[PDB]
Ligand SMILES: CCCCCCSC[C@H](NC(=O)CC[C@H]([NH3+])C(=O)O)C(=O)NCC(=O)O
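A single chain comes next, written as structure tokens; it is the form solved without the named molecule.
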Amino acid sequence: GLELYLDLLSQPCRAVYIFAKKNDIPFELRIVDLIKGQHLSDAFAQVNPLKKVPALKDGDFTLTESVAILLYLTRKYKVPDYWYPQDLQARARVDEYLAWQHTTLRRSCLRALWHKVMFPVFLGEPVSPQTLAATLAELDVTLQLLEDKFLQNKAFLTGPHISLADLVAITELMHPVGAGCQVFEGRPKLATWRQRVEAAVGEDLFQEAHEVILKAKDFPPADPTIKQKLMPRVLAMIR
């Protein structure tokens, strides 16, 4: 049957996890622990040769990329049209955001988690104060774009209802939130939007999906072995 290789630490996994639970899509949970390097192992490379999460598997069908996984689940499980509307322009707005976040907001949030908490606390590697400040400055810029280019004065990023776009954006914004960054303080429109999204998702589910990312400042250091294999993996993931 349907299997989902996830790790709620990972941003795209929370987006997929929330989408699957919210829509009651029956899947088998295969928790892949990234804090142990369980993704660089022989047992996981058989599943996904690229050694990454999220990963979907259903028989001989395998799929990577959360954007592909979400669209696939949307179509196969005939979820509500609001996730990805029939209307061509309304649907184009979801694609516009999904294509936009790869190199911008996803990149920012991920760098905020690693340059402010993961390297120093988890990897034990000090980060240049100049690199940390640049990372947070750039986080502010992408937050500003999120409001100016997408949210504007609407209830959600693509219209009056929640869509795949809102789902991917809030799991992205929870990265810096888990790192101690003041993401919504000083941004009333994004704070209003956050409450509308977790209300549409269901507080229990939203809270459940974000338990590991909020304990990020509490993970113990990684022993010399795991750290040696994750270092080049992380450095390549956050540029």
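From 1 onward, residues are counted along the sequence shown.
The form solved in complex with the named molecule is left out here; the points below concern that form.
- Shown alone, this chain has one stretch from 23-31, 62-70, 192-200, 177-185 that lies within 4.5 Å of the named molecule in the deposited complex by heavy atoms: 62-70.
- Interface membership of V234, defined by any non-hydrogen atom within 4.5 Å of the named molecule in the deposited complex, is confirmed.
- Although the partner is absent here, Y97 lies well away from the named molecule in the deposited complex, with no heavy atom inside 4.5 Å.
- In the deposited complex, the named molecule stays beyond 4.5 Å of every heavy atom belonging to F150.
- Using a 4.5 angstroms limit between non-hydrogen atoms, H39 touches the named molecule in the deposited complex.
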